[PDB]
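Q: For reference, the structure I am asking about is given below.
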Amino acid sequence: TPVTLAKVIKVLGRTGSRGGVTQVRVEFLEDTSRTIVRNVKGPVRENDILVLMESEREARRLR
Amino acid sequence: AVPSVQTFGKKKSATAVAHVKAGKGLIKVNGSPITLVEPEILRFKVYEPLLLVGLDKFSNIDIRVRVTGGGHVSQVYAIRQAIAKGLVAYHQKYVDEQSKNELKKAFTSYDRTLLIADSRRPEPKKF
Amino acid sequence: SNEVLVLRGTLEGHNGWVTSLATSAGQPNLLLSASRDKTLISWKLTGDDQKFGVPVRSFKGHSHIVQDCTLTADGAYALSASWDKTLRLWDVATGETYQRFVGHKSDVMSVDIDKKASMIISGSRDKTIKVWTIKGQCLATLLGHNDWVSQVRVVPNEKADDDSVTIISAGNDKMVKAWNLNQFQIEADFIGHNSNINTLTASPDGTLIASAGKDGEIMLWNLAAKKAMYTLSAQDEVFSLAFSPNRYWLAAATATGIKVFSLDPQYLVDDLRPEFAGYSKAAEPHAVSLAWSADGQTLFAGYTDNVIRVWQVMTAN
Amino acid sequence: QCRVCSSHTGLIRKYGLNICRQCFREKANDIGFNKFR
Amino acid sequence: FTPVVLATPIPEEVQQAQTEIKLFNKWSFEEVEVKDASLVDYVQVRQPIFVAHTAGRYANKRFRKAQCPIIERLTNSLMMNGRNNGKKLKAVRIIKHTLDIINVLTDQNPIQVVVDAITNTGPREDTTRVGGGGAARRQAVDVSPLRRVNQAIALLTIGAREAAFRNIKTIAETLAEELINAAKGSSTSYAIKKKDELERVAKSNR
Amino acid sequence: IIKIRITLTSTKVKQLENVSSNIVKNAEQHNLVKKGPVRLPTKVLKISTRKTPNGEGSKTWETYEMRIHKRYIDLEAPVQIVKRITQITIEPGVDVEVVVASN
RNA sequence: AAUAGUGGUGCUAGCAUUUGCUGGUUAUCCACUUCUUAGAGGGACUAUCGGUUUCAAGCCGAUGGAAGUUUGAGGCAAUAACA
């Protein structure tokens, strides 16, 4: 299966109608030069492992 | 005369005084052996101070504890507060400190609330 | 050739800061140690360059910071001066103290014992000086200062007990006064320190009196001429002091390390400066109390992070 | 009894003082009751 | 191993391997098993346990929440409605009557059958919990791992209540078959077949 | 020359440690046998009453308090020693009692 | 501290008995305050280190600590049309 093994680097801020989701900076482990953001929902901190499917199609920002 | 000390342990207004004496080794919970406490599921919570250091240091001891107060659940927590801190008074009056700290480190590595009781009292309502 | 001091051990038995260590003249195998954390700890000097073994006793009897501990030459008893107006007469075997004291209004700051074992002097932070019996009775209060007091010292009477005992005090009014016991009187007024006097010790001969305060003004005094021979500027803050018992080396415990001098001439042998880890460099730990051997061949140093290190006086190569 | 201030009900029968509670709030000081918590 | 005696007549069977580094009265913690890279950090609290009951202080900062044991967590979730709020002693009776009925069902480690089970049931994708501002839509989103474990365990639990509501079978009979169903990827249990269809429409919406 | 017992149950705690001090003062200047002032658990009074004269408005209440402290001393003395000193330790708000119970 | 409690000395019953573990109560008497109650004081200040920020006010971790969410909860505090 196409796994996407990811590691959060920097936290940026909550965004949303309620701020229920958070935009962070995440890194890919298998390619350590992948600077990309991700709209992760939940309590987040440094140094987490992020399962993921759609490796490219992601909203860079929200209203 | 005999080496003898007193400790006590509390949880949620439930006290448990302890009398330490020296002898073949009898552990008396309010006039009964310790292997008969009625919350049968929590029977091993009282075994935890004994089953951390080995069954060795007790052919020279005698333990009589008695409790008041609390419910049927807190008194299980109260007895193992006074018992576990009851053993160190030998080793802080008679036996040396290197023997003291090795089990001091052994207890508080496993349970901070085996030595220090909790601090979570209740609260008044609609006032 | 010279006294180099290599690291010989490390003690970890406290969680305050140490306040006074104490060695026995008779027994060379133990160390009395007091600290800020309301504890008294007596050690076992297991000579080993990996550690020193056993803190053989603990003494749970007080309620606040203790300041200075003293004992006998052979190691028979022990005394303690904690901040809550309390003085305790300890044994050395069991832990059982004898009698508490009701005599002051402040922190009892410094005490001392005569070698004849009859009187115990006490200077406390309520600008008064008190003397006590062996059973612990009041004899006479003593006034004269107007600021606090830090250290009081009895003279080493090495002249075969020729009725010569006198008490020298480290006040807080930039003042160093000398107090007789046999006639109960002021003896000499020492003038010259410009700030808060921090520590004073005299020579092991009882002849050369050193005094040094907050500015780092090591002002030497004599026992009889009582003059300002040496006025050393330690250019720092010094906390406590150190005299080699057998040799003629006088040392000081500054906040910036550990400095040592010879009597004559002026030999800055070493700076005893230990090593730490993990610090922004405005945060290096430093010692406040230090002590010699019974033969001046080992030196102890307790620090703020509860480490007590030891060295040995071997010759320089 | 009806003591004073349009009350014969809500009397404080406890502690044997028998005061209409409308006329207790203004008399509870000099009896020696005071609120603290 | 050398059963010493006291003036208390102590039974030997609480001293055989319990004085040895095996801790729990019937199982151990040598069996460490990592399946996902997310679970490597916090779920298997490497500490001993005997009864799975203590007064944890984890509810006053959201990451001390992680350090409580897994077995303690599942018992906490058994207080479900206005009949079992506070019957913790009832719950631990249920749980210690379930590992026995696990291992007699042709397997090797009763604590293993749940730690692999939550690997499947941590939902890798998600919807969003927003309408969208009139257009009640569902946009691109993913889940934090510490949030992932929370809903992972809880949906396994709630299926067992109606599985044991009003039918002859007991709770321990439900929790047996549910977790071994949850142990593999079968989607035959309600503990699985409601998290799956969440993820399938999440493969649509985004 | 009889064992006696004194009680004092007052409500001004500052004006009960002056009285209990001068009780043990003049007894010890005559050095009688005594046992120290045993201090009992205090008693509090309370009455909840809602805070409106009429009834029209939101609802929470008051709570009033009154504190009673009580301590007592046992004593033995010749009667001429005690019958004078119990008449010079008066103070308003303070109650004094003598009990000579020797059953 | 017989208007709380244990610790013995006893009178005293069991006692597997055999050293022993449970009892015995007014007054058998003495010695005790840890638990208990109430006076007098003490103790925490965000302490000490690591990050972060105009390096400021502060906010996050950390180990110690009975206690580190204003330490937990209350009491007390007047501008106004409910005639």
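Letters for chains follow the order of the structure tokens (A, B, ...), residue numbers begin at 1 for each chain, and ligand numbers begin at 1 in the order shown.
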Give me, as a list in words, all polymer residues having an atom no more than 9 Å from residue B:74, counting only C-alpha atoms (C1' of nucleotides) and skipping those fewer than 2 positions away in the same chain.

A: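 With the cut-off at 9 Å, the set is residues 10, 11, 12, 13, 14, 69, 70, 71, 72, 76, 77, 78 and 79 of chain B.
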
Q: I need the residues from that last selection saved to file as a compact mmCIF listing (two decimals), in the first residue's frame (with C-alpha atoms), if you can.

A:
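The resulting file, again.txt, is reproduced below:
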# COMPACT_ATOMS: atom_id res chain seq x y z
CA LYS B 10 -4.03 9.05 54.90
CA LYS B 11 -6.21 9.10 51.82
CA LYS B 12 -9.47 11.07 51.52
CA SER B 13 -9.98 11.28 55.30
CA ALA B 14 -9.06 7.70 56.12
CA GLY B 69 -12.63 6.26 58.49
CA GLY B 70 -13.07 6.28 54.74
CA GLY B 71 -14.88 3.77 52.59
CA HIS B 72 -14.10 0.26 51.50
CA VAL B 76 -6.75 -0.22 50.84
CA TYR B 77 -4.78 2.82 49.78
CA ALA B 78 -4.30 4.02 53.34
CA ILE B 79 -2.62 0.91 54.72

Q: What residues in chain C lie within 10 Å of chain B, counting only C-alpha atoms, written as a PDB file with N, CA and C atoms, in the first residue's frame?

A:
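That gives us result.pdb:
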ATOM      1  N   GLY C  13      24.606  13.592  48.641  1.00  0.00           N
ATOM      2  CA  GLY C  13      23.694  13.204  49.697  1.00  0.00           C
ATOM      3  C   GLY C  13      22.814  14.328  50.194  1.00  0.00           C
ATOM      4  N   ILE C  41      24.395  15.388  58.237  1.00  0.00           N
ATOM      5  CA  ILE C  41      24.865  14.163  57.616  1.00  0.00           C
ATOM      6  C   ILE C  41      26.299  13.917  58.061  1.00  0.00           C
ATOM      7  N   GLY C  53      32.295   6.338  50.622  1.00  0.00           N
ATOM      8  CA  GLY C  53      31.157   5.449  50.733  1.00  0.00           C
ATOM      9  C   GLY C  53      29.884   5.896  51.420  1.00  0.00           C
ATOM     10  N   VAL C  54      29.902   6.022  52.738  1.00  0.00           N
ATOM     11  CA  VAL C  54      28.677   5.931  53.517  1.00  0.00           C
ATOM     12  C   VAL C  54      28.420   7.235  54.259  1.00  0.00           C
ATOM     13  N   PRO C  55      27.286   7.854  54.061  1.00  0.00           N
ATOM     14  CA  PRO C  55      26.807   8.862  55.005  1.00  0.00           C
ATOM     15  C   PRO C  55      26.108   8.185  56.176  1.00  0.00           C
ATOM     16  N   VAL C  56      26.874   7.869  57.223  1.00  0.00           N
ATOM     17  CA  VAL C  56      26.470   6.852  58.192  1.00  0.00           C
ATOM     18  C   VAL C  56      25.276   7.236  59.055  1.00  0.00           C
ATOM     19  N   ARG C  57      24.918   8.515  59.143  1.00  0.00           N
ATOM     20  CA  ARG C  57      23.788   8.911  59.971  1.00  0.00           C
ATOM     21  C   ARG C  57      23.079  10.090  59.328  1.00  0.00           C
ATOM     22  N   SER C  58      21.826  10.275  59.726  1.00  0.00           N
ATOM     23  CA  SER C  58      21.045  11.450  59.381  1.00  0.00           C
ATOM     24  C   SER C  58      20.325  11.925  60.630  1.00  0.00           C
ATOM     25  N   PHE C  59      20.035  13.222  60.682  1.00  0.00           N
ATOM     26  CA  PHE C  59      19.573  13.855  61.919  1.00  0.00           C
ATOM     27  C   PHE C  59      18.387  14.756  61.588  1.00  0.00           C
ATOM     28  N   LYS C  60      17.184  14.252  61.843  1.00  0.00           N
ATOM     29  CA  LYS C  60      15.947  14.932  61.463  1.00  0.00           C
ATOM     30  C   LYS C  60      15.398  15.611  62.703  1.00  0.00           C
ATOM     31  N   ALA C  93      26.643   8.474  67.613  1.00  0.00           N
ATOM     32  CA  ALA C  93      26.386   7.066  67.344  1.00  0.00           C
ATOM     33  C   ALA C  93      24.951   6.818  66.898  1.00  0.00           C
ATOM     34  N   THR C  94      23.986   7.207  67.720  1.00  0.00           N
ATOM     35  CA  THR C  94      22.594   6.858  67.470  1.00  0.00           C
ATOM     36  C   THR C  94      21.901   7.913  66.625  1.00  0.00           C
ATOM     37  N   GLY C  95      21.931   9.156  67.084  1.00  0.00           N
ATOM     38  CA  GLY C  95      21.177  10.216  66.453  1.00  0.00           C
ATOM     39  C   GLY C  95      20.412  10.994  67.494  1.00  0.00           C
ATOM     40  N   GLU C  96      20.399  10.465  68.709  1.00  0.00           N
ATOM     41  CA  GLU C  96      19.614  11.055  69.781  1.00  0.00           C
ATOM     42  C   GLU C  96      20.276  12.324  70.294  1.00  0.00           C
TER      43      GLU C  96
END

Q: What's the separation between atom CA of residue C:176 and atom CA of residue C:128, in Å to one decimal place?

A: 14.1 Å

Q: Env of residue F:13: 12 Å cut, atoms = only C-alpha atoms (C1' of nucleotides), seq-sep filter 4 positions within chain, self excluded. Answer as a PDB file with C-alpha atoms (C1' of nucleotides), in the first residue's frame.

A:
ATOM      1  CA  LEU F   8     -14.717  29.221  80.729  1.00  0.00           C
ATOM      2  CA  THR F   9     -16.671  29.243  77.451  1.00  0.00           C
ATOM      3  CA  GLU F  17      -5.704  33.966  76.579  1.00  0.00           C
ATOM      4  CA  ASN F  18      -5.204  36.820  79.002  1.00  0.00           C
ATOM      5  CA  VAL F  19      -7.575  35.165  81.472  1.00  0.00           C
ATOM      6  CA  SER F  20      -6.172  31.668  81.059  1.00  0.00           C
ATOM      7  CA  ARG F  39      -8.865  23.298  74.791  1.00  0.00           C
ATOM      8  CA  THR F  42     -15.083  24.806  69.080  1.00  0.00           C
ATOM      9  CA  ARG F  67     -18.204  30.852  67.016  1.00  0.00           C
ATOM     10  CA  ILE F  68     -18.081  29.506  70.572  1.00  0.00           C
ATOM     11  CA  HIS F  69     -14.773  28.504  72.133  1.00  0.00           C
ATOM     12  CA  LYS F  70     -14.514  26.559  75.380  1.00  0.00           C
ATOM     13  CA  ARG F  71     -11.583  25.392  77.485  1.00  0.00           C
ATOM     14  CA  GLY F  93     -18.099  38.932  77.654  1.00  0.00           C
ATOM     15  CA  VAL F  94     -16.355  36.253  79.701  1.00  0.00           C
TER      16      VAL F  94
ATOM     17  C1'   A G  38      -6.834  24.042  69.949  1.00  0.00           C
ATOM     18  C1'   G G  39      -3.371  28.348  70.870  1.00  0.00           C
TER      19        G G  39
END

Q: What's the 9 Å shell around residue G:66, counting only C-alpha atoms (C1' of nucleotides), without same-chain residues fewer than 2 positions away, as a PyMOL selection string?

A: chain B and resi 116-119

Q: So which residues touch stretch 32-42 of chain B within 9 Å, counting only C-alpha atoms (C1' of nucleotides), skipping near sequence neighbours fewer than 5 positions away, as an NGL selection string?

A: (:B and (26-27 or 47 or 72-73 or 76)) or (:E and (8-11 or 51 or 53 or 89 or 92-93))

Q: Could you save the residues just selected, with N, CA and C atoms, as a JSON list (two decimals), in the first residue's frame?

A:
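What landed in out-v3.json:
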[["chain", "number", "residue", "atom", "x", "y", "z"],
["B", 26, "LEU", "N", 5.15, -10.49, 61.83],
["B", 26, "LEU", "CA", 3.71, -10.60, 61.78],
["B", 26, "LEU", "C", 3.17, -9.27, 61.28],
["B", 27, "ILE", "N", 2.29, -9.33, 60.28],
["B", 27, "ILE", "CA", 1.76, -8.13, 59.65],
["B", 27, "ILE", "C", 0.26, -8.17, 59.89],
["B", 47, "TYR", "N", -0.02, -6.01, 48.46],
["B", 47, "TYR", "CA", 1.18, -6.82, 48.30],
["B", 47, "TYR", "C", 2.32, -6.02, 47.71],
["B", 72, "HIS", "N", -14.71, 1.56, 51.69],
["B", 72, "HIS", "CA", -14.10, 0.26, 51.50],
["B", 72, "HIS", "C", -12.99, 0.28, 50.47],
["B", 73, "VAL", "N", -12.75, 1.40, 49.81],
["B", 73, "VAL", "CA", -11.76, 1.50, 48.77],
["B", 73, "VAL", "C", -10.54, 2.29, 49.22],
["B", 76, "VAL", "N", -7.78, 0.55, 51.52],
["B", 76, "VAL", "CA", -6.75, -0.22, 50.84],
["B", 76, "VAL", "C", -5.58, 0.67, 50.48],
["E", 8, "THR", "N", 3.84, -14.72, 59.79],
["E", 8, "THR", "CA", 2.68, -14.89, 58.94],
["E", 8, "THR", "C", 2.89, -16.12, 58.08],
["E", 9, "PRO", "N", 1.95, -17.04, 58.05],
["E", 9, "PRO", "CA", 2.03, -18.10, 57.04],
["E", 9, "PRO", "C", 1.68, -17.54, 55.68],
["E", 10, "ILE", "N", 2.70, -17.32, 54.86],
["E", 10, "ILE", "CA", 2.50, -16.68, 53.57],
["E", 10, "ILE", "C", 2.41, -17.76, 52.50],
["E", 11, "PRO", "N", 1.47, -17.67, 51.57],
["E", 11, "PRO", "CA", 1.44, -18.64, 50.47],
["E", 11, "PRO", "C", 2.62, -18.44, 49.54],
["E", 51, "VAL", "N", -2.86, -4.65, 38.95],
["E", 51, "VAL", "CA", -4.30, -4.71, 39.17],
["E", 51, "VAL", "C", -5.02, -3.86, 38.14],
["E", 53, "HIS", "N", -5.36, -0.38, 38.30],
["E", 53, "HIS", "CA", -6.19, 0.57, 39.04],
["E", 53, "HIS", "C", -5.26, 1.46, 39.85],
["E", 89, "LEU", "N", -14.78, -0.99, 40.22],
["E", 89, "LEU", "CA", -14.56, -2.34, 40.72],
["E", 89, "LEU", "C", -15.31, -3.37, 39.91],
["E", 92, "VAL", "N", -13.04, -3.85, 36.48],
["E", 92, "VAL", "CA", -11.82, -4.64, 36.52],
["E", 92, "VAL", "C", -12.13, -6.11, 36.68],
["E", 93, "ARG", "N", -13.28, -6.43, 37.28],
["E", 93, "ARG", "CA", -13.75, -7.80, 37.31],
["E", 93, "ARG", "C", -14.04, -8.30, 35.90]]

Q: Pick the closest to chain B from F:87, F:7, F:48, F:21: which is it, counting only C-alpha atoms?

A: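 Answer, going by the shortest atom-to-atom distance: F:48.
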
Q: Would you mind listing, as a PyMOL selection string, all residues of chain D that have at least one atom within 9 Å of chain G, where only C-alpha atoms (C1' of nucleotides) are what counts?

A: chain D and resi 35-37

Q: Write the residues of the selection above to a file with C-alpha atoms, as an mmCIF file, in the first residue's frame.

A:
data_model
loop_
_atom_site.group_PDB
_atom_site.id
_atom_site.type_symbol
_atom_site.label_atom_id
_atom_site.label_comp_id
_atom_site.auth_asym_id
_atom_site.auth_seq_id
_atom_site.Cartn_x
_atom_site.Cartn_y
_atom_site.Cartn_z
ATOM 1 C CA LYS D 35 -20.946 36.360 57.881
ATOM 2 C CA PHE D 36 -17.512 35.151 56.899
ATOM 3 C CA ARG D 37 -17.803 32.656 54.082
#

Q: Can you list, as JSON, numbers by chain, every protein, DNA or RNA residue that comes within 8 Å of stretch 238-243 of chain C when you count only C-alpha atoms (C1' of nucleotides), leaving out same-chain residues fewer than 2 positions away?

A: {"C": [198, 199, 200, 201, 202, 203, 204, 212, 213, 214, 215, 216, 234, 236, 245, 248, 249, 250, 251, 252, 253, 254, 255, 288, 289, 290, 291, 292]}

Q: Selected residues, C-alpha atoms, written as a tab-separated table (two decimals), in the first residue's frame, please.

A:
chain	number	residue	atom	x	y	z
C	198	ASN	CA	31.65	37.69	55.37
C	199	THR	CA	34.15	35.38	57.07
C	200	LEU	CA	37.12	35.23	59.39
C	201	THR	CA	39.44	32.50	60.60
C	202	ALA	CA	42.69	32.73	62.53
C	203	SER	CA	45.89	30.74	62.22
C	204	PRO	CA	46.08	27.19	63.61
C	212	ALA	CA	37.63	39.00	54.43
C	213	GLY	CA	34.21	40.35	53.53
C	214	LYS	CA	32.05	41.06	50.51
C	215	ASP	CA	34.37	43.22	48.41
C	216	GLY	CA	37.16	40.63	48.67
C	234	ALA	CA	40.66	39.16	46.44
C	236	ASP	CA	35.66	39.18	44.07
C	245	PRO	CA	46.55	23.11	59.89
C	248	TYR	CA	51.46	27.89	56.38
C	249	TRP	CA	48.89	28.08	53.58
C	250	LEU	CA	45.86	30.34	53.89
C	251	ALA	CA	43.06	29.85	51.38
C	252	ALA	CA	39.84	31.65	50.51
C	253	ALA	CA	36.53	30.45	49.07
C	254	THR	CA	35.51	33.03	46.52
C	255	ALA	CA	32.44	32.90	44.35
C	288	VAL	CA	30.36	28.11	49.84
C	289	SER	CA	31.99	25.83	52.44
C	290	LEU	CA	35.27	23.95	52.56
C	291	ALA	CA	37.43	22.04	55.02
C	292	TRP	CA	40.88	20.49	55.45

Q: Using only C-alpha atoms, find each residue in chain E having at least one atom no more than 12 Å away from chain B; report its shortest atom-to-atom pair and that distance in Å (one decimal), rows by chain then rising number, as a tab-separated table.

A:
residue	atom	partner	partner_atom	distance
E:1	CA	B:55	CA	11.3
E:2	CA	B:55	CA	10.3
E:3	CA	B:55	CA	8.8
E:4	CA	B:55	CA	7.1
E:5	CA	B:59	CA	8.5
E:6	CA	B:25	CA	5.5
E:7	CA	B:25	CA	5.0
E:8	CA	B:26	CA	5.2
E:9	CA	B:33	CA	8.8
E:10	CA	B:35	CA	8.0
E:11	CA	B:35	CA	9.0
E:12	CA	B:55	CA	11.1
E:14	CA	B:51	CA	8.9
E:15	CA	B:51	CA	8.0
E:16	CA	B:51	CA	11.0
E:17	CA	B:51	CA	10.7
E:18	CA	B:51	CA	7.3
E:19	CA	B:51	CA	6.2
E:20	CA	B:54	CA	9.0
E:21	CA	B:52	CA	9.8
E:22	CA	B:51	CA	11.2
E:23	CA	B:51	CA	9.2
E:24	CA	B:44	CA	9.9
E:25	CA	B:44	CA	9.0
E:46	CA	B:110	CA	11.3
E:47	CA	B:110	CA	7.9
E:48	CA	B:110	CA	8.0
E:49	CA	B:110	CA	9.6
E:50	CA	B:44	CA	6.9
E:51	CA	B:42	CA	6.8
E:52	CA	B:42	CA	9.6
E:53	CA	B:42	CA	8.5
E:54	CA	B:45	CA	9.4
E:55	CA	B:113	CA	8.8
E:56	CA	B:113	CA	9.9
E:57	CA	B:118	CA	9.7
E:87	CA	B:73	CA	11.6
E:88	CA	B:73	CA	10.6
E:89	CA	B:41	CA	7.8
E:90	CA	B:41	CA	9.8
E:91	CA	B:41	CA	10.7
E:92	CA	B:41	CA	7.9
E:93	CA	B:41	CA	7.3
E:94	CA	B:41	CA	11.0
E:95	CA	B:41	CA	11.3
E:96	CA	B:41	CA	9.3
E:97	CA	B:41	CA	11.4

Q: Any idea what's packed within 8 Å of stretch 3-10 of chain G, counting only C-alpha atoms (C1' of nucleotides), ignoring anything in its chain fewer than 6 positions away? Could you give it as a ChimeraX atom specification?

A: /G:28-32,36-37

Q: If you run DSSP on the backbone, which residues of stretch 83-287 of chain C are strand (DSSP E), as a VMD selection string?

A: chain C and resid 86 to 90 108 to 113 120 to 124 128 to 132 138 to 142 149 to 154 166 to 171 176 to 180 186 to 190 197 to 202 208 to 213 217 to 222 231 to 233 238 to 243 249 to 254 259 to 262 287

Q: Taking only chain D into account, list the residues labelled helix (DSSP H, G or I) by DSSP (computed from the backbone), as a PyMOL selection string.

A: chain D and resi 14-16+21-23+28-31
